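There are 2 protein chains.
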Amino acid sequence: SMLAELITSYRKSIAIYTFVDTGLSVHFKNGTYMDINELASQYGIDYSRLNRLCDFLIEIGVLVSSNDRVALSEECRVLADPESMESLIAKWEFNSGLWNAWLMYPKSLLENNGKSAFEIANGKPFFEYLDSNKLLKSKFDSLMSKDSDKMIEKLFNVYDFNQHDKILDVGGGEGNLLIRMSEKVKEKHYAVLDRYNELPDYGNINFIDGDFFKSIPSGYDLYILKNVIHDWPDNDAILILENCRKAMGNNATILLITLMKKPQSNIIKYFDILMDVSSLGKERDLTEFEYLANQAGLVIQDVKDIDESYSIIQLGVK
Amino acid sequence: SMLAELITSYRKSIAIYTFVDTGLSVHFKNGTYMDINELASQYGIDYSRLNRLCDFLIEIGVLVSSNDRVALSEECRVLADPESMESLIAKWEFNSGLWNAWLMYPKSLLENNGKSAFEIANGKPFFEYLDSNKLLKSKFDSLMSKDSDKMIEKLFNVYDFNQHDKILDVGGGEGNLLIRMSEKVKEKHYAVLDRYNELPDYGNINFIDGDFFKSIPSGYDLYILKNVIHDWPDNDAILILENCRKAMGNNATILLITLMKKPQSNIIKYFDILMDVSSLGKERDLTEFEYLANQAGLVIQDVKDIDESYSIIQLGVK
Ligand SMILES: Nc1ncnc2c1ncn2[C@@H]1O[C@H](CSCC[C@H](N)C(=O)O)[C@@H](O)[C@H]1O
Ligand SMILES: Nc1ncnc2c1ncn2[C@@H]1O[C@H](CSCC[C@H](N)C(=O)O)[C@@H](O)[C@H]1O
Ligand SMILES: [Cl-]
Ligand code: NA
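So the sequences go chain by chain: A and B. Residue 281 in my numbering is what sits at position 295 of the first sequence, and the numbering runs on without skipping anything. Residue 241 in my numbering is what sits at position 255 of the second sequence, and the numbering runs on without skipping anything.
The following block contains the structure:
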C-alpha cells in the first residue's frame, strides 16, 4: 500500500548511504558499467550480498543493468562524484548522532522542555556535538561549503557586494561563501566568525573564533547571516540579530541569506522538520522575519528571491 | 533532485513513526476532522511545532486539511486503528536496535565475518536482543500474529490441515497461526515451539520452550515453518530442516509457509535487505529451497501460491 511504502521509504535512503559508505560509488564515474563480481573481490564483500544490494538499488532507480554489468542511472550519476551535493549529504546525513535524533522526535514534542530531539538523543546540543567530533564537523562544514558553491552565481545577480569594503560572514564555517565571493569581488576586508577548535587559513580571509550569542566584531559595513537564523528558536535568533545591531554602525547592512516560507516550497517542509529535530529551529515567512528584525531593533529595507526556496533580506538599524 | 529526495525519504518514515508514537493517530477514528490547537492542548505539544508536523503529514499524503483542521487521508485511515498491520509496523520498525542496525549495513558488507549489521550495532544477534527486551519482543510477536490473521483464510483453501491429527508450529511465537487455525479446524493436537521467558496460555495449545537448532519434538504428522527459513543463512536453514527430518516419521509432512522469489513478487527486495541487516537472512526461489531440502535429506512434494508473495512448500523424508 501507499502507507506501507512511506513507512519503509527509509530503506531507500540507507541503500544509497551504504553504496557511498562502502567506497563502491566512486567506481561509477560518467555512468560507466562495472562488474559486481570484480567490485565484491576488490572490497572483500560477499558477491551474493552485494548483488542483492545492487538489485534493490536497480528497483529504486539508482542503478541500471546491462549484460550482467551495473551503472548509476542518468539522474543518480552525481553519486560517483565525491564532491557532488548528493555525495556530501550521503556522507553527513546518516551520522549516528542525527540518525538517533529522529527516534526522539515524539519525546521532544511531548516534553516541551526546550530540548531538541538531537540533545535528548545525544546529551549535547547539535553544535556542541560537532565541537567534540572533528571528522564529523568537517563532513558538515564540507556540505555547507557546497551550498555556497551552488548559490554564489545566483547571489551575485540579486545583490551588489562590490559596494561594500569590510564584509563579515557571521557563522560562515570554512568561509567558502567569501572564498567564492573573493574570485569576482576584489580588494575587500573579508572576515568569518564561527566556533573553531583550530582557526582555518585561506588567502587573506580573517577567521575569528567567537560566539554570535556573546558578541559580533564591530567595524564591518556588511554582516552576512547565511543558513544561520533557521537553526534557532525566536529568542536565540533575536539575540544574534541584536548582537549584530549593537556591533554595526548606522550606515552598515545585515544581509540574511535564508530559506523563506513562500507559496510553492515542498523542500522547506523537509528543512522545517530537520531544523525542529536538530535544534528546535524553524523556517519562517516574511512576517516572522519582520518580528525578529523589530525585536532586535532592525528594519527590513529590501527582500528578493535568489531562487524558488532561497531569498536575501536586507536590514539596517531601525 | 530525484536522488536528493530518495536520500531524505526516511523523514517520511519518521513522520509516520512520530504520528503513531505520540498517540496522536488514535484521535482520528472514522475520518473525523480535528482542530490542531485542540490536539496540541490534549497532548501538551507546542501548537506551532504540531502544526509544522501536520503540514509535513499533509505534504506526504497521511493527513488532508480544511483550514486549521486535519483528518486522516482515505489511504491512511488504518493509522487510527492501533491493531492495524500499518500501526503494528510503525510501533515495531523504529525500535533503536533495528534503526541503528541500518547504519552498520556498510560495515557488515566490508567485514564479511559472519556478523549481521544488527549484531555489529547492538553487540548481540537479533533473537538474543529480543530475549533481553520483553516489551519490544511483545511488539515483534504482535506484528507476526497480525501476518497470521491476514493469510489464515487464504491458507485454509490452499492446504487441507483437517487431514492431520497432531500439528507443531515450529517458531510459532504467540501461536496465532494455530489459534486462528483451531477456530475452524477443531479436535486436533495443536503445539507451538519457540523461545519463551514465560509460556503463552491458550485453549488446548501445547506451548513448548525449545530451540529448533538443538532438537524438534517427535510424534507430530505436520511440522509448520512459517516466516522462519528467510531469517537464516543456508547453514542455519539446513540445520533447522535436519532437526525436523530427525524428529519426523516417514508418513509426516513439513509445510514451509514462506515469502518466495517468484514471478509477480513485488515487495520481495524490501524484505531481502531487511533479512540481510537483521540476521544475514535472505529470500529464496524454488531452486534454493530445493537445495536446502536436499542437503537436509528432504524432498519437495508440492508447491502452491497463497498470494503474490507467499507460497506453501510441502516436504517429505527423502
Ligand atoms: N554560537 C555560534 N557562534 C558562531 N557561529 C556559530 C554558533 N553556533 C553555530 N554557529 C555556526 O553557524 C553555522 C550554521 S550552518 C551555515 C554555514 C554557512 N553560513 C553556510 O551557509 O554555508 C555553522 O558553521 C556553525 O558552526
Ligand atoms: N532457536 C530458535 N528456536 C525456536 N524458535 C526460534 C528460534 N530462533 C527464533 N525463533 C522464533 O522464530 C520466529 C520467527 S518470526 C515468525 C513467527 C511466526 N512463525 C509467524 O509467522 O508469525 C520468532 O517467533 C522467533 O522467536
Ligand atoms: Cl522547533
Ligand atoms: Na561561508
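Beta carbons are placed, not taken as given, at the ideal position from N, Cα and C, and that holds for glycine.
Considering only their Cβ atoms, is the gap separating residue j from residue i smaller than 8 Å?
i                : j                : result
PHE5 (chain A)   : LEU36 (chain A)  : no
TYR206 (chain B) : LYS152 (chain B) : yes
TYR91 (chain B)  : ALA103 (chain B) : yes
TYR176 (chain A) : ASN192 (chain A) : yes
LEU225 (chain A) : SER295 (chain A) : no
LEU154 (chain A) : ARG231 (chain A) : no
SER73 (chain B)  : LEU65 (chain B)  : yes
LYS212 (chain B) : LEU163 (chain B) : yes
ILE2 (chain A)   : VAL48 (chain A)  : yes
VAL171 (chain A) : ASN148 (chain A) : yes
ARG166 (chain B) : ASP195 (chain B) : no
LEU301 (chain A) : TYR145 (chain A) : no
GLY161 (chain A) : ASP217 (chain A) : no
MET130 (chain B) : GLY159 (chain B) : yes
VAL303 (chain B) : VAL214 (chain B) : no
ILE298 (chain B) : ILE243 (chain B) : yes
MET234 (chain A) : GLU61 (chain B)  : no
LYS140 (chain B) : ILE292 (chain B) : yes
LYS247 (chain A) : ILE254 (chain A) : yes
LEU39 (chain B)  : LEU25 (chain B)  : no
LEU89 (chain A)  : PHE80 (chain B)  : yes
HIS150 (chain B) : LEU208 (chain B) : yes
Quick one: grab the DSSP three-state call for residue i.
i                 : result
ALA76 (chain B)   : helix
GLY302 (chain A)  : strand
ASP7 (chain B)    : helix
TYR(-4) (chain A) : helix
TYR277 (chain B)  : helix
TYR296 (chain A)  : strand
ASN23 (chain B)   : helix
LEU245 (chain A)  : strand
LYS110 (chain B)  : coil
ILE46 (chain B)   : coil
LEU266 (chain A)  : coil
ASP288 (chain B)  : strand
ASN252 (chain B)  : coil
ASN236 (chain B)  : coil
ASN119 (chain B)  : coil
Assign residue i to buried or exposed, taking buried as 16 or more other Cβ atoms, counted over all protein chains shown, within 10 Å of its Cβ.
i                     : result
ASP180 (chain A)      : buried
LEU185 (chain B)      : exposed
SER118 (chain B)      : exposed
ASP7 (chain A)        : buried
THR273 (chain B)      : exposed
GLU269 (chain A)      : buried
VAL12 (chain A)       : exposed
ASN108 (chain B)      : buried
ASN190 (chain B)      : exposed
residue 311 (chain B) : Residue 311 (chain B) cannot be examined here, being either before or after the span of chain B that is shown, -13 to 304.
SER168 (chain B)      : buried
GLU69 (chain A)       : exposed
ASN99 (chain A)       : exposed
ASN229 (chain B)      : buried
- Query: Just checking, does the stretch 191 to 203 of chain A make contact with the stretch 258 to 265 of chain A on the three C-beta pairs under 8 Å criterion?
  - Reply: No, they do not touch.
- Ranges of the alpha helix (DSSP H) found wholly within the stretch 148 to 189 of chain A, counting only runs of at least 4: 162 to 167
- Query: Does the pairing of the stretch 86 to 100 of chain A with the stretch 19 to 34 of chain B give three or more beta-carbon distances under 8 Å?
  - Reply: In short, these stretches touch, since the Cβ pair count reaches three.
- Message: I want to know whether the stretch 52 to 68 of chain B touches the stretch 1 to 20 of chain B - three or more CB-CB distances under 8 Å.
- Response: Three or more pairs of CB atoms, one per stretch, sit closer than 8 Å, so the stretch 52 to 68 of chain B contacts the stretch 1 to 20 of chain B.
- Item | Continuous beta strand (DSSP E) assignments of at least 3 residues falling wholly in the stretch 121 to 150 of chain B | Secondary structure remark: continuous beta strand (DSSP E) runs of at least 3 residues inside the stretch 121 to 150 of chain B: none found.
- Message: I want to know whether the stretch 72 to 89 of chain A touches the stretch 262 to 274 of chain A - three or more CB-CB distances under 8 Å.
- Response: yes
- Message: Taking 8 Å as the cut-off, does the stretch 265 to 282 of chain B touch the stretch 118 to 138 of chain B (at least 3 CB pairs, one atom from each stretch)?
- Response: no
- Every unbroken beta strand (DSSP E) within the stretch 50 to 104 of chain A, with a cutoff of 3 residues, ordered by chain: Runs of beta strand (DSSP E) with 3 or more residues, each lying fully within the stretch 50 to 104 of chain A, are found at 55 to 58, listed in chain order.
- Query: Would you say the stretch -10 to 2 of chain A touches the stretch -8 to 4 of chain B, given that touching needs at least three Cβ pairs under 8 Å?
  - Reply: yes
- Whole runs of the beta strand (DSSP E) within the stretch 194 to 229 of chain A, excluding any shorter than 3 residues: 208 to 212
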